[PDB]
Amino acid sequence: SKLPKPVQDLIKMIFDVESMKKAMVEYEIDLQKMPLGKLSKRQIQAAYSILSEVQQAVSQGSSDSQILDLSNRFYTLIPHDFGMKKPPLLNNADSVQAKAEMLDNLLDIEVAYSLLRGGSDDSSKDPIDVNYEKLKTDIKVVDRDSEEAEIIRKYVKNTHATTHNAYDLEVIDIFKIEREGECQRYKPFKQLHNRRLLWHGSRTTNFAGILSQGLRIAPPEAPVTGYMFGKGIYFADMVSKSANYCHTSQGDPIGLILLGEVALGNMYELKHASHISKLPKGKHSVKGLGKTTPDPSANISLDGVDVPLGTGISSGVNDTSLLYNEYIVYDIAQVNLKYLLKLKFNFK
């Protein structure tokens, strides 16, 4: 391939088939009953629906048995291997949240698989360059000794704390990204002040879907438990908050994290969970107020884009149920993915 090494390694990383199966098994999924090639979008939608019905049964206080049929229905759809004692009973918000979390991931793994299988699996062109196209994203390496790299690295350093210091962060590679399409889609939302460069972390297995389809908002069938401010796109201004969603471990200490410019507009500020969806007039985003915040004085700029790389400090309010700030947008078009980082997590 004509691609740089780092990009070639990035490509292999996100289209890793073993990583997909590892994610499943991790979930207790029986690969013999539900192999990769058997994953279906329709089946996941149906699974989402069952999950929502459970939430309702849980909130109403269904006279059980019904909760048992719901549970049986979900495990019949998504075949898990437990061995004995029987599968857990989805009888609480905590249960559905976990199962829903798994469905989102399976969905992206399915997207990655079908993408990696579609097209001409021919050896005319090298597999790397072929899979690189399926992403429909332009990826370039950002040099270590560039102002870009310097800014980004500082953002990572400053926004990384200690009370969340189970690990340290090492930036291995920085990529500038431009999804084919997302550029004319965001142009209009540019006429929206308050534009910020925020973090978005996710599992490595979700990256083919993300770069290929962009950041998405959960579908209607999906239960809403687990979304403090409703179904939207979540971001942080402190890499510590985002890095928790990369789900890395001493086993696989490397993760991927995005930096996106989001046209926030006027922010509706809240300190506790609230299922918005319909923003108040004049507001174009939600901001969840946390106890920690990057030093406002250290904020920097770039073509109207605010980069809050100031070191973490205590914010005004502490009467919040949030340790960190979060920003939520309800329109995919308010997002412009700009950078992708390959990070190594060094646990203590």
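Start at 1 with the first residue shown and count on from there. Rigid core: the largest C-alpha set superposing within 1.5 Å between the two forms.
Q: Would you mind working out which of 197 to 205 and 268 to 276 sits farther from this form in 5 other deposited structures of this protein by RMS C-alpha distance, with the rigid core as the fit?
A: Per-stretch check in 5 other deposited structures of this protein: the more divergent one is 268 to 276.
Q: Looking at C-alpha RMS in 5 other deposited structures of this protein with the core superposed, is it 63 to 71 or 318 to 326 that drifts more?
A: The answer is 63 to 71, which departs more from the shown form in 5 other deposited structures of this protein.
Q: Between 165 to 173 and 253 to 261, name whichever shows the higher mean Cα B factor according to the PDB entry.
A: Higher of the two, by average CA B-factor, is 165 to 173.
Q: Higher average CA B factor in the deposited record is what I'm after, so tell me if that's 230 to 238 or 154 to 162.
A: The deposited B-factors put 154 to 162 ahead on the C-alpha mean.
Q: Determine which member of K287, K283, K291, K33 has the highest CA B-factor, using the values in the deposited entry.
A: In the PDB entry, the greatest C-alpha B-factor among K287, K283, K291, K33 is found at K33.
Q: From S123, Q213, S71, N244, pick the one with the largest CA B-factor in the entry?
A: In the PDB entry, the greatest C-alpha B-factor among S123, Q213, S71, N244 is found at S123.
Q: Lowest, middle or highest third: where is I50 by C-alpha B factor in its chain?
A: Its C-alpha B-factor, which the entry lists for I50, ranks in the lowest third among residues of this chain.
Q: Can you work out whether the C-alpha temperature factor of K342 puts it in the lowest, middle or highest third of the chain?
A: For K342, the deposited C-alpha B-factor lands in the lowest third.
Q: Within this chain, which third does the Cα B-factor at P220 fall in: lowest, middle or highest?
A: Middle third.
Q: For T76, does the deposited CA B-factor place it in the lowest, middle or highest third of the chain?
A: Answer is middle: the recorded C-alpha B-factor places it there.
Q: Test of reading the entry: by CA B factor among the chain's modelled residues, which third contains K86?
A: Highest third.
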